[PDB]
file my_file_27.cif (mmCIF, N, CA and C atoms)
data_start
#
loop_
_atom_site.group_PDB
_atom_site.id
_atom_site.type_symbol
_atom_site.label_atom_id
_atom_site.label_comp_id
_atom_site.auth_asym_id
_atom_site.auth_seq_id
_atom_site.Cartn_x
_atom_site.Cartn_y
_atom_site.Cartn_z
ATOM 1 N N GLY A 1 4.811 59.349 -8.199
ATOM 2 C CA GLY A 1 5.851 59.006 -7.248
ATOM 3 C C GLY A 1 5.889 59.952 -6.064
ATOM 4 N N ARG A 2 5.969 59.390 -4.861
ATOM 5 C CA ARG A 2 6.010 60.192 -3.645
ATOM 6 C C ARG A 2 7.450 60.454 -3.214
ATOM 7 N N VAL A 3 7.671 61.597 -2.572
ATOM 8 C CA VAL A 3 9.003 61.967 -2.106
ATOM 9 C C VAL A 3 8.926 62.846 -0.863
ATOM 10 N N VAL A 4 9.921 62.717 0.009
ATOM 11 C CA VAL A 4 9.968 63.502 1.237
ATOM 12 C C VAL A 4 11.356 64.093 1.459
ATOM 13 N N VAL A 5 11.410 65.408 1.638
ATOM 14 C CA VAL A 5 12.676 66.098 1.862
ATOM 15 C C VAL A 5 12.954 66.265 3.351
ATOM 16 N N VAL A 6 14.090 65.740 3.798
ATOM 17 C CA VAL A 6 14.476 65.832 5.202
ATOM 18 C C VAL A 6 15.712 66.706 5.375
ATOM 19 N N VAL A 7 15.694 67.550 6.403
ATOM 20 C CA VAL A 7 16.814 68.441 6.680
ATOM 21 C C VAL A 7 17.280 68.303 8.125
ATOM 22 N N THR A 8 18.524 68.699 8.381
ATOM 23 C CA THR A 8 19.091 68.620 9.721
ATOM 24 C C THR A 8 18.929 69.940 10.465
ATOM 25 N N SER A 9 18.737 71.019 9.713
ATOM 26 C CA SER A 9 18.572 72.343 10.301
ATOM 27 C C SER A 9 17.230 72.949 9.907
ATOM 28 N N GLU A 10 16.636 73.706 10.824
ATOM 29 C CA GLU A 10 15.349 74.344 10.573
ATOM 30 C C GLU A 10 15.443 75.313 9.398
ATOM 31 N N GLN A 11 16.593 75.965 9.267
ATOM 32 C CA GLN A 11 16.810 76.921 8.187
ATOM 33 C C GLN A 11 16.540 76.280 6.830
ATOM 34 N N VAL A 12 17.131 75.111 6.604
ATOM 35 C CA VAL A 12 16.951 74.394 5.347
ATOM 36 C C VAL A 12 15.494 73.996 5.144
ATOM 37 N N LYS A 13 14.819 73.663 6.239
ATOM 38 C CA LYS A 13 13.418 73.265 6.183
ATOM 39 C C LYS A 13 12.558 74.379 5.596
ATOM 40 N N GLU A 14 12.700 75.582 6.144
ATOM 41 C CA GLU A 14 11.935 76.731 5.672
ATOM 42 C C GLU A 14 12.186 76.978 4.187
ATOM 43 N N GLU A 15 13.437 76.813 3.768
ATOM 44 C CA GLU A 15 13.809 77.019 2.373
ATOM 45 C C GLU A 15 13.196 75.944 1.482
ATOM 46 N N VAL A 16 13.180 74.710 1.977
ATOM 47 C CA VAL A 16 12.622 73.592 1.227
ATOM 48 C C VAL A 16 11.106 73.707 1.115
ATOM 49 N N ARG A 17 10.447 73.894 2.254
ATOM 50 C CA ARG A 17 8.995 74.020 2.285
ATOM 51 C C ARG A 17 8.533 75.194 1.427
ATOM 52 N N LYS A 18 9.363 76.228 1.353
ATOM 53 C CA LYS A 18 9.041 77.414 0.566
ATOM 54 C C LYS A 18 9.176 77.129 -0.926
ATOM 55 N N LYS A 19 10.161 76.310 -1.281
ATOM 56 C CA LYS A 19 10.396 75.955 -2.676
ATOM 57 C C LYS A 19 9.310 75.015 -3.188
ATOM 58 N N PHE A 20 8.935 74.045 -2.360
ATOM 59 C CA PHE A 20 7.906 73.080 -2.729
ATOM 60 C C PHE A 20 6.968 72.811 -1.556
ATOM 61 N N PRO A 21 6.030 73.740 -1.324
ATOM 62 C CA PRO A 21 5.054 73.626 -0.236
ATOM 63 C C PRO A 21 4.036 72.518 -0.484
ATOM 64 N N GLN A 22 3.767 72.241 -1.756
ATOM 65 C CA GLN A 22 2.811 71.205 -2.126
ATOM 66 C C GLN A 22 3.360 69.818 -1.807
ATOM 67 N N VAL A 23 4.685 69.699 -1.798
ATOM 68 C CA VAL A 23 5.336 68.427 -1.506
ATOM 69 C C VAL A 23 5.446 68.200 -0.003
ATOM 70 N N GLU A 24 5.849 66.991 0.379
ATOM 71 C CA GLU A 24 5.996 66.645 1.788
ATOM 72 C C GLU A 24 7.352 67.097 2.320
ATOM 73 N N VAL A 25 7.334 67.811 3.442
ATOM 74 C CA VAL A 25 8.562 68.302 4.055
ATOM 75 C C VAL A 25 8.587 68.003 5.550
ATOM 76 N N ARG A 26 9.643 67.330 5.996
ATOM 77 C CA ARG A 26 9.787 66.981 7.404
ATOM 78 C C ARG A 26 11.235 67.143 7.859
ATOM 79 N N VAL A 27 11.455 68.049 8.805
ATOM 80 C CA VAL A 27 12.793 68.301 9.328
ATOM 81 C C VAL A 27 13.072 67.446 10.559
ATOM 82 N N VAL A 28 14.202 66.748 10.545
ATOM 83 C CA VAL A 28 14.588 65.893 11.662
ATOM 84 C C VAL A 28 15.933 66.317 12.240
ATOM 85 N N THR A 29 16.059 66.223 13.560
ATOM 86 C CA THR A 29 17.294 66.597 14.237
ATOM 87 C C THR A 29 17.819 65.452 15.097
ATOM 88 N N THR A 30 16.901 64.683 15.672
ATOM 89 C CA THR A 30 17.271 63.555 16.518
ATOM 90 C C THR A 30 16.726 62.246 15.960
ATOM 91 N N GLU A 31 17.149 61.133 16.552
ATOM 92 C CA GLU A 31 16.702 59.816 16.111
ATOM 93 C C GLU A 31 15.208 59.637 16.363
ATOM 94 N N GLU A 32 14.730 60.194 17.471
ATOM 95 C CA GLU A 32 13.319 60.094 17.828
ATOM 96 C C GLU A 32 12.456 60.914 16.873
ATOM 97 N N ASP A 33 12.978 62.059 16.447
ATOM 98 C CA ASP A 33 12.258 62.934 15.531
ATOM 99 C C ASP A 33 12.007 62.238 14.197
ATOM 100 N N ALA A 34 13.078 61.749 13.580
ATOM 101 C CA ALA A 34 12.974 61.061 12.300
ATOM 102 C C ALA A 34 12.028 59.868 12.393
ATOM 103 N N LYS A 35 12.125 59.127 13.491
ATOM 104 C CA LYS A 35 11.278 57.960 13.703
ATOM 105 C C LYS A 35 9.805 58.319 13.536
ATOM 106 N N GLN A 36 9.359 59.327 14.279
ATOM 107 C CA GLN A 36 7.971 59.769 14.211
ATOM 108 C C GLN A 36 7.615 60.234 12.803
ATOM 109 N N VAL A 37 8.599 60.789 12.102
ATOM 110 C CA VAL A 37 8.390 61.275 10.744
ATOM 111 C C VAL A 37 8.184 60.118 9.772
ATOM 112 N N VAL A 38 9.103 59.158 9.801
ATOM 113 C CA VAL A 38 9.022 57.996 8.924
ATOM 114 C C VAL A 38 7.650 57.336 9.011
ATOM 115 N N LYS A 39 7.167 57.149 10.235
ATOM 116 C CA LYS A 39 5.866 56.529 10.458
ATOM 117 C C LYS A 39 4.746 57.400 9.898
ATOM 118 N N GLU A 40 4.875 58.711 10.081
ATOM 119 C CA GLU A 40 3.873 59.651 9.594
ATOM 120 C C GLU A 40 3.733 59.560 8.077
ATOM 121 N N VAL A 41 4.862 59.632 7.380
ATOM 122 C CA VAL A 41 4.867 59.556 5.924
ATOM 123 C C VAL A 41 4.512 58.153 5.444
ATOM 124 N N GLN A 42 4.969 57.148 6.184
ATOM 125 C CA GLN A 42 4.699 55.759 5.834
ATOM 126 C C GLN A 42 3.198 55.505 5.727
ATOM 127 N N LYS A 43 2.435 56.121 6.624
ATOM 128 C CA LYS A 43 0.984 55.964 6.631
ATOM 129 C C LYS A 43 0.344 56.780 5.513
ATOM 130 N N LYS A 44 0.919 57.944 5.232
ATOM 131 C CA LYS A 44 0.406 58.818 4.183
ATOM 132 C C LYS A 44 0.621 58.199 2.806
ATOM 133 N N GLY A 45 1.739 57.498 2.645
ATOM 134 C CA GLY A 45 2.042 56.865 1.374
ATOM 135 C C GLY A 45 3.263 57.465 0.705
ATOM 136 N N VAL A 46 4.426 57.276 1.321
ATOM 137 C CA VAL A 46 5.672 57.803 0.778
ATOM 138 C C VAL A 46 6.315 56.812 -0.185
ATOM 139 N N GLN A 47 7.197 57.316 -1.042
ATOM 140 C CA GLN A 47 7.882 56.473 -2.016
ATOM 141 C C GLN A 47 9.388 56.715 -1.980
ATOM 142 N N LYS A 48 9.776 57.976 -1.825
ATOM 143 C CA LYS A 48 11.187 58.341 -1.773
ATOM 144 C C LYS A 48 11.465 59.272 -0.598
ATOM 145 N N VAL A 49 12.742 59.555 -0.362
ATOM 146 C CA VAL A 49 13.143 60.435 0.729
ATOM 147 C C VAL A 49 14.521 61.035 0.476
ATOM 148 N N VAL A 50 14.581 62.362 0.418
ATOM 149 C CA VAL A 50 15.839 63.060 0.182
ATOM 150 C C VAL A 50 16.281 63.830 1.422
ATOM 151 N N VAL A 51 17.302 63.314 2.099
ATOM 152 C CA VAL A 51 17.823 63.954 3.301
ATOM 153 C C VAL A 51 18.993 64.873 2.973
ATOM 154 N N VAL A 52 19.063 66.005 3.665
ATOM 155 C CA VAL A 52 20.135 66.969 3.448
ATOM 156 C C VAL A 52 20.932 67.202 4.727
ATOM 157 N N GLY A 53 22.255 67.117 4.617
ATOM 158 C CA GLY A 53 23.109 67.320 5.772
ATOM 159 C C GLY A 53 22.962 66.220 6.803
ATOM 160 N N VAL A 54 22.267 65.150 6.431
ATOM 161 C CA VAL A 54 22.055 64.024 7.332
ATOM 162 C C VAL A 54 23.073 62.918 7.079
ATOM 163 N N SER A 55 23.453 62.218 8.143
ATOM 164 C CA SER A 55 24.424 61.135 8.037
ATOM 165 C C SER A 55 23.845 59.960 7.252
ATOM 166 N N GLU A 56 24.693 59.309 6.464
ATOM 167 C CA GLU A 56 24.266 58.169 5.659
ATOM 168 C C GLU A 56 23.950 56.967 6.545
ATOM 169 N N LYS A 57 24.758 56.775 7.582
ATOM 170 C CA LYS A 57 24.567 55.664 8.507
ATOM 171 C C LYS A 57 23.192 55.734 9.164
ATOM 172 N N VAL A 58 22.715 56.952 9.399
ATOM 173 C CA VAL A 58 21.412 57.156 10.020
ATOM 174 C C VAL A 58 20.283 56.820 9.053
ATOM 175 N N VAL A 59 20.286 57.476 7.898
ATOM 176 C CA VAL A 59 19.263 57.246 6.885
ATOM 177 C C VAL A 59 19.298 55.806 6.385
ATOM 178 N N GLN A 60 20.503 55.257 6.263
ATOM 179 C CA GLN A 60 20.672 53.886 5.796
ATOM 180 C C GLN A 60 19.902 52.910 6.679
ATOM 181 N N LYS A 61 20.104 53.017 7.987
ATOM 182 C CA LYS A 61 19.428 52.146 8.941
ATOM 183 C C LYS A 61 17.914 52.241 8.787
ATOM 184 N N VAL A 62 17.370 53.424 9.055
ATOM 185 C CA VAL A 62 15.934 53.647 8.943
ATOM 186 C C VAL A 62 15.410 53.194 7.585
ATOM 187 N N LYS A 63 16.102 53.599 6.525
ATOM 188 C CA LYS A 63 15.710 53.234 5.169
ATOM 189 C C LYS A 63 15.512 51.726 5.048
ATOM 190 N N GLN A 64 16.413 50.965 5.659
ATOM 191 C CA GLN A 64 16.336 49.509 5.619
ATOM 192 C C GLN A 64 15.044 49.014 6.260
ATOM 193 N N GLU A 65 14.713 49.572 7.421
ATOM 194 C CA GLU A 65 13.503 49.186 8.137
ATOM 195 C C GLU A 65 12.286 49.921 7.583
ATOM 196 N N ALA A 66 12.519 50.778 6.593
ATOM 197 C CA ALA A 66 11.443 51.542 5.976
ATOM 198 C C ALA A 66 10.991 50.898 4.670
ATOM 199 N N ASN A 67 11.908 50.193 4.016
ATOM 200 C CA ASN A 67 11.603 49.527 2.754
ATOM 201 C C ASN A 67 11.315 50.548 1.657
ATOM 202 N N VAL A 68 12.187 51.545 1.539
ATOM 203 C CA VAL A 68 12.028 52.585 0.530
ATOM 204 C C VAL A 68 13.380 53.052 0.004
ATOM 205 N N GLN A 69 13.351 53.898 -1.020
ATOM 206 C CA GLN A 69 14.576 54.418 -1.616
ATOM 207 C C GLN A 69 15.021 55.698 -0.914
ATOM 208 N N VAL A 70 16.237 55.680 -0.379
ATOM 209 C CA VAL A 70 16.783 56.838 0.318
ATOM 210 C C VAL A 70 17.810 57.565 -0.542
ATOM 211 N N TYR A 71 17.755 58.892 -0.523
ATOM 212 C CA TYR A 71 18.680 59.705 -1.304
ATOM 213 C C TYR A 71 19.294 60.808 -0.446
ATOM 214 N N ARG A 72 20.581 61.064 -0.654
ATOM 215 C CA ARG A 72 21.287 62.094 0.100
ATOM 216 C C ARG A 72 21.496 63.343 -0.750
ATOM 217 N N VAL A 73 21.370 64.508 -0.122
ATOM 218 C CA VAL A 73 21.545 65.776 -0.820
ATOM 219 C C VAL A 73 22.957 66.318 -0.629
ATOM 220 N N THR A 74 23.545 66.816 -1.711
ATOM 221 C CA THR A 74 24.894 67.366 -1.664
ATOM 222 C C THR A 74 24.889 68.863 -1.949
ATOM 223 N N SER A 75 23.898 69.312 -2.713
ATOM 224 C CA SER A 75 23.780 70.723 -3.062
ATOM 225 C C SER A 75 22.345 71.071 -3.441
ATOM 226 N N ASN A 76 22.050 72.366 -3.492
ATOM 227 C CA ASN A 76 20.713 72.833 -3.841
ATOM 228 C C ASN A 76 20.257 72.236 -5.169
ATOM 229 N N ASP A 77 21.193 72.102 -6.103
ATOM 230 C CA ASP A 77 20.888 71.542 -7.415
ATOM 231 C C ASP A 77 20.452 70.085 -7.297
ATOM 232 N N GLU A 78 20.915 69.418 -6.243
ATOM 233 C CA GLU A 78 20.574 68.019 -6.017
ATOM 234 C C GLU A 78 19.159 67.886 -5.459
ATOM 235 N N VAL A 79 18.749 68.869 -4.664
ATOM 236 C CA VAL A 79 17.418 68.865 -4.068
ATOM 237 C C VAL A 79 16.338 69.025 -5.130
ATOM 238 N N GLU A 80 16.493 70.042 -5.974
ATOM 239 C CA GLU A 80 15.528 70.305 -7.036
ATOM 240 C C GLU A 80 15.583 69.216 -8.103
ATOM 241 N N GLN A 81 16.769 68.649 -8.300
ATOM 242 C CA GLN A 81 16.956 67.596 -9.292
ATOM 243 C C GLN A 81 16.271 66.307 -8.853
ATOM 244 N N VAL A 82 16.577 65.863 -7.638
ATOM 245 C CA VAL A 82 15.990 64.643 -7.099
ATOM 246 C C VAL A 82 14.468 64.713 -7.110
ATOM 247 N N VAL A 83 13.928 65.801 -6.570
ATOM 248 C CA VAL A 83 12.483 65.992 -6.519
ATOM 249 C C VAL A 83 11.897 66.126 -7.920
ATOM 250 N N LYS A 84 12.608 66.840 -8.786
ATOM 251 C CA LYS A 84 12.160 67.044 -10.159
ATOM 252 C C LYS A 84 11.699 65.731 -10.782
ATOM 253 N N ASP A 85 12.627 64.792 -10.926
ATOM 254 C CA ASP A 85 12.315 63.490 -11.506
ATOM 255 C C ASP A 85 11.410 62.685 -10.578
ATOM 256 N N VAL A 86 11.533 62.934 -9.278
ATOM 257 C CA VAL A 86 10.727 62.232 -8.285
ATOM 258 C C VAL A 86 11.164 60.778 -8.151
ATOM 259 N N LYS A 87 10.884 59.984 -9.179
ATOM 260 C CA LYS A 87 11.250 58.572 -9.177
ATOM 261 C C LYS A 87 12.028 58.211 -10.439
ATOM 262 N N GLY A 88 13.330 57.987 -10.282
ATOM 263 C CA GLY A 88 14.163 57.634 -11.417
ATOM 264 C C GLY A 88 15.580 57.283 -11.008
ATOM 265 N N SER A 89 15.841 55.990 -10.841
ATOM 266 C CA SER A 89 17.165 55.522 -10.443
ATOM 267 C C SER A 89 17.764 54.615 -11.512
ATOM 268 N N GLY A 90 19.081 54.695 -11.677
ATOM 269 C CA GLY A 90 19.757 53.876 -12.667
ATOM 270 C C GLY A 90 20.503 52.713 -12.046
ATOM 271 N N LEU A 91 21.823 52.835 -11.964
ATOM 272 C CA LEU A 91 22.655 51.785 -11.388
ATOM 273 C C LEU A 91 23.691 52.371 -10.435
ATOM 274 N N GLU A 92 24.493 51.499 -9.831
ATOM 275 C CA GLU A 92 25.527 51.932 -8.898
ATOM 276 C C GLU A 92 26.563 52.803 -9.601
ATOM 277 N N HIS A 93 27.388 53.485 -8.811
ATOM 278 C CA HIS A 93 28.424 54.354 -9.357
ATOM 279 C C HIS A 93 29.317 53.591 -10.332
ATOM 280 N N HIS A 94 29.811 52.438 -9.894
ATOM 281 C CA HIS A 94 30.678 51.612 -10.728
ATOM 282 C C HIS A 94 29.877 50.916 -11.824
ATOM 283 N N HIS A 95 30.320 51.075 -13.066
ATOM 284 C CA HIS A 95 29.644 50.461 -14.204
ATOM 285 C C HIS A 95 30.348 49.177 -14.627
ATOM 286 N N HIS A 96 29.879 48.582 -15.720
ATOM 287 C CA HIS A 96 30.464 47.347 -16.229
ATOM 288 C C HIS A 96 29.883 46.994 -17.595
ATOM 289 N N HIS A 97 30.654 47.252 -18.647
ATOM 290 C CA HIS A 97 30.215 46.962 -20.006
ATOM 291 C C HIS A 97 31.392 46.535 -20.878
ATOM 292 N N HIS A 98 31.548 45.227 -21.056
ATOM 293 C CA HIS A 98 32.635 44.690 -21.867
ATOM 294 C C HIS A 98 32.106 44.134 -23.186
#

call {"tool": "encode", "arguments": {"input": "my_file_27.cif", "output": "structure tokens"}}
result
Amino acid sequence: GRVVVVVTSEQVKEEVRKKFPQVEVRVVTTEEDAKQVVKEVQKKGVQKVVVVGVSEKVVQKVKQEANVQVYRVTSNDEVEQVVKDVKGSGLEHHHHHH
């Protein structure tokens, strides 16, 4: 499973790339930046994408036109966790079992 970590600040990028240099890391700040990134990874063969400090409305849009699974980061534990499993999604927040 492929995954890409996206950050809003360069600081987070250095920390991410340092934690997992073997993995794909791309820092985006503007709409044009992310665009060039999505295409870059799209050609390489991406599967997932974990953005940190990024707006959901932004990732949501691109994700739709990207045809991939988008994930948002809330804490450092979420970054290592998401990447750890790489590919593993269950169901929506709201459950249903009667």

call {"tool": "atom_distance", "arguments": {"input": "my_file_27.cif", "atom1": "atom C of residue 6 of chain A", "atom2": "atom CA of residue 61 of chain A"}}
result
15.4 Å

call {"tool": "resolve_selection", "arguments": {"input": "my_file_27.cif", "expression": "the PyMOL selection byres ((chain A and resi 47-52) around 7)", "output": "ChimeraX atom specification"}}
result
/A:1-9,45-46,53-55,68-74,86

call {"tool": "select_by_dssp", "arguments": {"input": "my_file_27.cif", "residues": "chain A", "states": "strand (DSSP E or B)", "output": "list in words"}}
result
residues 4, 5, 6, 7, 24, 25, 26, 27, 48, 49, 50, 51, 52, 69, 70, 71, 72 and 73 of chain A

call {"tool": "axis_aligned_box", "arguments": {"input": "my_file_27.cif", "around": "segment 16-29 of chain A", "padding_each_side": "5 Å", "output": "lines of an AutoDock Vina configuration file"}}
result
center_x = 10.3
center_y = 71.4
center_z = 6.0
size_x = 25.0
size_y = 22.0
size_z = 28.3

call {"tool": "atom_distance", "arguments": {"input": "my_file_27.cif", "atom1": "atom CA of residue 13 of chain A", "atom2": "atom N of residue 29 of chain A"}}
result
10.5 Å

call {"tool": "closest_residue", "arguments": {"input": "my_file_27.cif", "among": "A:18, A:39, A:84, A:26", "to": "residue 66 of chain A", "atoms": "only C-alpha atoms"}}
result
A:39

call {"tool": "select_by_dssp", "arguments": {"input": "my_file_27.cif", "residues": "chain A", "states": "helix (DSSP H, G or I)", "output": "CSV table (one decimal) with N, CA and C atoms, in the coordinates of the input"}}
result
chain,number,residue,atom,x,y,z
A,10,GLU,N,16.6,73.7,10.8
A,10,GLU,CA,15.3,74.3,10.6
A,10,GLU,C,15.4,75.3,9.4
A,11,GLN,N,16.6,76.0,9.3
A,11,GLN,CA,16.8,76.9,8.2
A,11,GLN,C,16.5,76.3,6.8
A,12,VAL,N,17.1,75.1,6.6
A,12,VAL,CA,17.0,74.4,5.3
A,12,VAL,C,15.5,74.0,5.1
A,13,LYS,N,14.8,73.7,6.2
A,13,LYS,CA,13.4,73.3,6.2
A,13,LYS,C,12.6,74.4,5.6
A,14,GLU,N,12.7,75.6,6.1
A,14,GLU,CA,11.9,76.7,5.7
A,14,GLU,C,12.2,77.0,4.2
A,15,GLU,N,13.4,76.8,3.8
A,15,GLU,CA,13.8,77.0,2.4
A,15,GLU,C,13.2,75.9,1.5
A,16,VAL,N,13.2,74.7,2.0
A,16,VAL,CA,12.6,73.6,1.2
A,16,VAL,C,11.1,73.7,1.1
A,17,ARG,N,10.4,73.9,2.3
A,17,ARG,CA,9.0,74.0,2.3
A,17,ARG,C,8.5,75.2,1.4
A,18,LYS,N,9.4,76.2,1.4
A,18,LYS,CA,9.0,77.4,0.6
A,18,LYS,C,9.2,77.1,-0.9
A,19,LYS,N,10.2,76.3,-1.3
A,19,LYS,CA,10.4,76.0,-2.7
A,19,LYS,C,9.3,75.0,-3.2
A,31,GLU,N,17.1,61.1,16.6
A,31,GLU,CA,16.7,59.8,16.1
A,31,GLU,C,15.2,59.6,16.4
A,32,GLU,N,14.7,60.2,17.5
A,32,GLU,CA,13.3,60.1,17.8
A,32,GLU,C,12.5,60.9,16.9
A,33,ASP,N,13.0,62.1,16.4
A,33,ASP,CA,12.3,62.9,15.5
A,33,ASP,C,12.0,62.2,14.2
A,34,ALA,N,13.1,61.7,13.6
A,34,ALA,CA,13.0,61.1,12.3
A,34,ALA,C,12.0,59.9,12.4
A,35,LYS,N,12.1,59.1,13.5
A,35,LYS,CA,11.3,58.0,13.7
A,35,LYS,C,9.8,58.3,13.5
A,36,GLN,N,9.4,59.3,14.3
A,36,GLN,CA,8.0,59.8,14.2
A,36,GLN,C,7.6,60.2,12.8
A,37,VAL,N,8.6,60.8,12.1
A,37,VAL,CA,8.4,61.3,10.7
A,37,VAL,C,8.2,60.1,9.8
A,38,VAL,N,9.1,59.2,9.8
A,38,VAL,CA,9.0,58.0,8.9
A,38,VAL,C,7.6,57.3,9.0
A,39,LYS,N,7.2,57.1,10.2
A,39,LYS,CA,5.9,56.5,10.5
A,39,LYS,C,4.7,57.4,9.9
A,40,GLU,N,4.9,58.7,10.1
A,40,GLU,CA,3.9,59.7,9.6
A,40,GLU,C,3.7,59.6,8.1
A,41,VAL,N,4.9,59.6,7.4
A,41,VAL,CA,4.9,59.6,5.9
A,41,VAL,C,4.5,58.2,5.4
A,42,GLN,N,5.0,57.1,6.2
A,42,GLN,CA,4.7,55.8,5.8
A,42,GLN,C,3.2,55.5,5.7
A,43,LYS,N,2.4,56.1,6.6
A,43,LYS,CA,1.0,56.0,6.6
A,43,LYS,C,0.3,56.8,5.5
A,44,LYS,N,0.9,57.9,5.2
A,44,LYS,CA,0.4,58.8,4.2
A,44,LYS,C,0.6,58.2,2.8
A,56,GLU,N,24.7,59.3,6.5
A,56,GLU,CA,24.3,58.2,5.7
A,56,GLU,C,24.0,57.0,6.5
A,57,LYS,N,24.8,56.8,7.6
A,57,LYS,CA,24.6,55.7,8.5
A,57,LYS,C,23.2,55.7,9.2
A,58,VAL,N,22.7,57.0,9.4
A,58,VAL,CA,21.4,57.2,10.0
A,58,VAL,C,20.3,56.8,9.1
A,59,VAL,N,20.3,57.5,7.9
A,59,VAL,CA,19.3,57.2,6.9
A,59,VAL,C,19.3,55.8,6.4
A,60,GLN,N,20.5,55.3,6.3
A,60,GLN,CA,20.7,53.9,5.8
A,60,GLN,C,19.9,52.9,6.7
A,61,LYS,N,20.1,53.0,8.0
A,61,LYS,CA,19.4,52.1,8.9
A,61,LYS,C,17.9,52.2,8.8
A,62,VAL,N,17.4,53.4,9.1
A,62,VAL,CA,15.9,53.6,8.9
A,62,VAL,C,15.4,53.2,7.6
A,63,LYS,N,16.1,53.6,6.5
A,63,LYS,CA,15.7,53.2,5.2
A,63,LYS,C,15.5,51.7,5.0
A,64,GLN,N,16.4,51.0,5.7
A,64,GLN,CA,16.3,49.5,5.6
A,64,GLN,C,15.0,49.0,6.3
A,65,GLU,N,14.7,49.6,7.4
A,65,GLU,CA,13.5,49.2,8.1
A,65,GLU,C,12.3,49.9,7.6
A,66,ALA,N,12.5,50.8,6.6
A,66,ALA,CA,11.4,51.5,6.0
A,66,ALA,C,11.0,50.9,4.7
A,76,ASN,N,22.0,72.4,-3.5
A,76,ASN,CA,20.7,72.8,-3.8
A,76,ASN,C,20.3,72.2,-5.2
A,77,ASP,N,21.2,72.1,-6.1
A,77,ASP,CA,20.9,71.5,-7.4
A,77,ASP,C,20.5,70.1,-7.3
A,78,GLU,N,20.9,69.4,-6.2
A,78,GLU,CA,20.6,68.0,-6.0
A,78,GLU,C,19.2,67.9,-5.5
A,79,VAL,N,18.7,68.9,-4.7
A,79,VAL,CA,17.4,68.9,-4.1
A,79,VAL,C,16.3,69.0,-5.1
A,80,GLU,N,16.5,70.0,-6.0
A,80,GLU,CA,15.5,70.3,-7.0
A,80,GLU,C,15.6,69.2,-8.1
A,81,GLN,N,16.8,68.6,-8.3
A,81,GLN,CA,17.0,67.6,-9.3
A,81,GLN,C,16.3,66.3,-8.9
A,82,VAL,N,16.6,65.9,-7.6
A,82,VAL,CA,16.0,64.6,-7.1
A,82,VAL,C,14.5,64.7,-7.1
A,83,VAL,N,13.9,65.8,-6.6
A,83,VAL,CA,12.5,66.0,-6.5
A,83,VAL,C,11.9,66.1,-7.9
A,84,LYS,N,12.6,66.8,-8.8
A,84,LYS,CA,12.2,67.0,-10.2
A,84,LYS,C,11.7,65.7,-10.8
A,85,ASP,N,12.6,64.8,-10.9
A,85,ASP,CA,12.3,63.5,-11.5
A,85,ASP,C,11.4,62.7,-10.6

call {"tool": "atom_distance", "arguments": {"input": "my_file_27.cif", "atom1": "atom CA of residue 89 of chain A", "atom2": "atom N of residue 62 of chain A"}}
result
19.6 Å
